[PDB]
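Let's start with one chain on its own, the form deposited without this ligand, as structure tokens.
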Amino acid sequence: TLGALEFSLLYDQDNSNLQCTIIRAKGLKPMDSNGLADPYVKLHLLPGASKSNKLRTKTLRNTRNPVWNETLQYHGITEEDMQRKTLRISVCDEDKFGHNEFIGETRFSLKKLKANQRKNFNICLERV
């Protein structure tokens, strides 16, 4: 009931570069009545340094069907990272004061990605 998220991953191994295209979400669930339908996506590689392991898309405005159409790139990602790490993808709505309400997430173990082979996803969000 939470929403569907479309995204694409490509590990450009020769350039130590993980490109995460956050495409669109469909049907994100209305939550807080005092919240805003201003969705963004947060990426977190786990486990990880904090800071350096987080990337965020643009925040869009007044939509339950956002199209970010945005590529976030983690540089310096090696085969050791690909073996050890999980990409967590969380969709949040920004509120009136800049804080946020979590809608849902998905995770992908980077082990399962083949170097240089783009993988496309259309998943339903879950709360963990």
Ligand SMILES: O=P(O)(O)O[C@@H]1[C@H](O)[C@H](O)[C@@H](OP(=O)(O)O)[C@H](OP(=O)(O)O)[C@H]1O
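One rule holds for the numbers: they count along the sequence shown, beginning at 1.
The following text describes the form deposited with this ligand bound, which does not appear among the structures shown.
Remark: of stretches 77-85, 92-100, 22-30, 64-72, the one touching this ligand in the entry with it bound is 92-100 (heavy atom within 4.5 Å). At a distance threshold of 4.5 angstroms between non-hydrogen atoms, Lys58 is out of contact with this ligand in the entry with it bound. Although this ligand is not shown here, in the entry with it bound the stretch 1-40 places heavy atoms of just one residue, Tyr40, within 4.5 Å of it.
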